[PDB]
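Below you'll find only one chain, the form deposited in one PDB entry, shown as structure tokens.
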């Protein structure tokens, strides 16, 4: 398992040292190397295709000891031209002061350290065996210190004993250069080019290909795939488990994304925890071998847009995280890099009382240098509200909005999360989170407050996608299978389609500012953290706070009671002329004196925002569009006088959690309505139209998997539509009256299909844990709890020794020609030569799966050149007879020859 043991780590380091001395003698070069868990460990790849781990941190000995204690230090030292093993810096000997050569030349045998049944350290070499000192519980030091690049042409391995530095050539002679995409935004986001962050999640143990393929073709160009690395880790050591090898996951899945010509981001962090080391200086992105990842993904993937730091409110100042200040200083640098490559930095925030001093006000109010950079590169910076915590939704909404309106962030987004549902009690007597509830804030904030990014919804593995049982796909083979949850199809996909088809017009920043009129400026420097960084305690009271709900951290519900008033933005400073065009600017310092009196505030706000309806439904208007929803139990009503339609008014009676987008025209009304229950319950809505001078007509069509039936009634000059439905529908109503006092409708929203990435010309990758399979020994889809280390993405398979074993994958090529297939494999007990490769159902040869070193971290690379055709190709490995031993398969990599 991924925490390793002391013995395991020790013996991995000895095997590494043998390998380095072999490489030195044979003049092998280092092809790649990569720190993990902040350099607690490294994965190394040499130019013969051997890969292995090295540990800079050793796991403690069990027993809970807290002191640093003895462990055997097995090093190596040159004598008359030959390396021989050392033990605690004397020659390692067993019997007759006989020294032991590091290279036995026909073996990979190396000293093995162990602890015996008597509790004593041992070291063995072949059949020879030596008992050392009694082990004692505690912390250990490593024999290995660090690996570092020296120049840009050499790699040095440093040890902590008297073992000499081993220097190896850095392999350089790869393909010619693929120049990076720089300058302009790689993928503009705006009201016209909204984005959906759809997650490829470690918790789904994903095949990235199968998640991408779940997204409909019309949605895909507007999708950015968010490669999500769990920060689940071992408490004692901080070592990541669920996403054990984050860099490798992100790299594999980014390749698959680039191959599929879809836009992608990497999410390495929730809270303080991050798979990648934070920087403090820009220079590090090119000069610092511990943080290669950041420049690398931008440089090598034209579809890569940058890094998403989610839920930035928890987990700081951990032994294995950073301070929030360090995180911001990281962002200061990463924003510059993002800018160069035309990407985005995404941050998302959810609050509680203890995270006020690190919220989006604090972000700029406490960090002047960061604030400068954010303002300078606001187009590359995206701020998102997150619905994860139990309270403060309006507080956090207003502050995140504020960051964008004020000029610090270039876009604003929502990361909706089921976890916001109030624990124990829920809302409206609904203990369990109903998916339909989540449509309400998203539609509201997108259409009324100009969010251009939707993220999730969370939890990904309960609201978007799930792995099912493997499915039979014919020919003996079985296949891992992922499906969308029904709510994803009937809420989130269908909603985004309403943005694309121009029903849900997203307002521009300037449009939001002109509608909003008022901003709070957080200019308090005295009192506690909430006084200095949070919005006024009672800002929302008497406005859109529900009667049953509390202020600030007692605000448990994100359904607004009315839409008379816009979301009130709370900002630190107004950075540009657009920010400074706010009609009303209230300094928060003056809030206690005047505005803290709810009635005074309501009076002022009532003059700024006219009453445009009555009733208990939420209704909010922007141009000829309404967002109307029922956030309460029961069927609830509104009376809404038309502003564009030539009839008089409508009365609405809506079921609980029904949301609607209503477009008024002079002689027409459209209604997009949703209320999706996966369990298949129907809801009733009633719509009454007053003041039609002739009988109206209607048409309806249900959307996605919705059912709908609509009946009409014409009597007493009132047109009544009853709508019974589960899920989404579009209803058109042709109604007209004699009103002349009405506004005029604008031309239709522009929606522009976002252009595709530049075509990726790099190497493709396919994980063996994602292959179709039959008669394999074991499939490790979750590698952290198993004994093999140093794998790519989240797993590997033991293909095994059955004569009927076989794996298959669909791979692609840009054009016909010869490609090299690198097969990453273990064969620890014997050479496997009974396994044939088939390309497009034709045998092309038998890979040499030469016997690999016995260490649990060691993988090797077998190579085959094959002809691929343009487009989809079939790759298979098939046993022809029983294997001489187990074959492990991690991945294949394919590149043009």
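Residue numbers count along the first chain shown, from 1. Note that the rigid core is defined as the largest set of C-alphas that superpose within 1.5 Å between two forms.
The next section is about a form of this same protein that is not shown, the form deposited in another entry.
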Legend entry - Flagged residue of 750, 129, 422, 701 - C-alpha shift reaching 2 Å or more between the shown form and the other one, core superposed: 129
Legend entry - Rigid core superposed: residue 740 CA moves 2 Å or more between the shown form and the other one: no
Inset, instruction - Taking the rigid core as the superposition reference, indicate whether the CA of residue 283 shifts 2 angstroms or more between the shown form and the other one. - result: no
Inset, instruction - Answer yes if the CA of residue 106 moves 2 Å or more between the shown form and the other one after aligning the rigid core, and no otherwise. - result: yes
